[PDB]
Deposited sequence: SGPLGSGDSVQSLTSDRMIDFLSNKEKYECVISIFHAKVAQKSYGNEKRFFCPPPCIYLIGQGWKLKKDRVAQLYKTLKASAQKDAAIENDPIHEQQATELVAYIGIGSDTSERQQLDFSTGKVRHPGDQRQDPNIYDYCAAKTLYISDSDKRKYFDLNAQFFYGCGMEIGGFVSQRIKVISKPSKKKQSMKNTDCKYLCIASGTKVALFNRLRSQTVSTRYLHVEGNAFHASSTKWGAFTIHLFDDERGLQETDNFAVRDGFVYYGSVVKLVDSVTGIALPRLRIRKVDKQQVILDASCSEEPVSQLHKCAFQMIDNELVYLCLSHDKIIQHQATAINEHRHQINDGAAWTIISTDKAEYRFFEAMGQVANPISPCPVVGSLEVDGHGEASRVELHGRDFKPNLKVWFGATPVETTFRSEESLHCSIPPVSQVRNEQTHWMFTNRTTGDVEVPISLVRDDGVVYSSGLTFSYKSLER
């Protein structure tokens, strides 16, 4: 059972002990018909981050020298779809699943991915799910315009990939690596796509809201690094040809569309791939409304998502799997005085969890899996002389506390949320 003090060593040393697992995937997948397989692309993948993973391995090592290599499997939550084995500085380990697919025998409109982790000795770490993924029959072809799920809104995340005659073997992905955009055969970037506005360059720019349409000027920005491509205009492609019809401005960019990115200064110059390098390619005109491009200039755009989980076995290493990790959506502060309750919303709340406003625990109850009403601790009892420096703001002067859920096991799940003592 987590004692008031071991918490303090953790909150002060978050990144030393906290295990982080992140699952990146697209929001959509194309169904497979008959006996065929259309692989989820970009490949769903898992990043293990934090040094906590090294200390987890250390614990299991000591534990099993008295009684090795960690393996993981991923599936789509159906018992006729075989689970598949995942092959493997802040990043501990990485694996992608390149041959996942879903067949038309499965009738679900939505599914999720479930990855389970084990050590080679056989101790289950646990199972983690991705976000909702929508099954699509085929990339949409709507020219106009209800749904909106298949559109791409300004300020959301996208992957960009490139097939080569739908056959050599390869597919490559837009990815920034060491300050440069490249085209990776194994890793893919989640980029924020922005609708560029007006005021012509560069580092600091204005953006509008709205859905992205063909013909719009767009900015691609790396999640991780903050590195951006030059401002580009998005164009639909129809095999090897860029389309330029004015009417395309009425056409929404959509999941799994073939598309191209023309330089703004030069209509014939397109964002293009050469092996793993990102280059500017000059096209040849066919038409007032049509350009011939290389295969490397035809991209495929898809919205993506991420599921992140954080835990640390704060006391000992635990016998049970650390799954299912809870996740917290938001806070709701109703009523005033001391007797005022604060509620939490999210997923996989279990009966065996206690809310920790900081180093101190608090009175908690338990409604269900997606709700958790609890008392707030009297303002006095949250800081002292072991907590104070981490708890009082150095700007406002007001007290701001990190919220945690901790299992009786001893494992703490840092919520990512910190509460602001204002109410």
Inset, instruction - Residue ranges with no C-alpha coordinates, please: along the deposited sequence, counted from 1, in order. - result: 1 to 11, 79 to 98, 120 to 133, 191 to 194, 249 to 251, 476 to 478
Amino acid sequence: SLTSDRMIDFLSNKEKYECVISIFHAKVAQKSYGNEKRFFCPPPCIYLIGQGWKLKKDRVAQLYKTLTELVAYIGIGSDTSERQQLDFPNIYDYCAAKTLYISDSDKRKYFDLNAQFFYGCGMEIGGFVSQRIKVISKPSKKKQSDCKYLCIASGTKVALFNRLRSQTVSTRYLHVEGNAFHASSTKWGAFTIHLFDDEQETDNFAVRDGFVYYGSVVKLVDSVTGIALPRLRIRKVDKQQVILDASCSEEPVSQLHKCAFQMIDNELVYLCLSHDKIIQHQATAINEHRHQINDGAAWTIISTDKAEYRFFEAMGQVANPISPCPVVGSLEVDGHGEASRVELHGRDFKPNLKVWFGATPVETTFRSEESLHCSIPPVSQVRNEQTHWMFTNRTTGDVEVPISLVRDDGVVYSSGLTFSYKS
From here on, numbers count along this sequence of modelled residues.
Inset, instruction - Determine, for stretches 106 to 114 and 200 to 208, which one has the higher mean CA B-factor as deposited. - result: 200 to 208
Inset, instruction - Using the B-factors recorded in the PDB entry, average over the C-alpha atoms of 182 to 190 and of 164 to 172, then report which stretch comes out higher. - result: 164 to 172
Legend entry - Identity of residue with top Cα B-factor, from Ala153, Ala319, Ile301, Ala285: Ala319
Legend entry - Chain third (lowest, middle, highest) by recorded CA B-factor, residue given as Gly127: middle
Legend entry - CA B-factor ranking of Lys157, expressed as a third of its chain: lowest
Legend entry - Third of the chain, ranked by Cα B-factor, where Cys272 sits: middle
Inset, instruction - Select lowest, middle or highest to describe the third in which the CA B-factor of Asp265 falls within its chain in this entry. - result: middle
Legend entry - For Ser81, the third of its chain into which the C-alpha B factor falls: highest
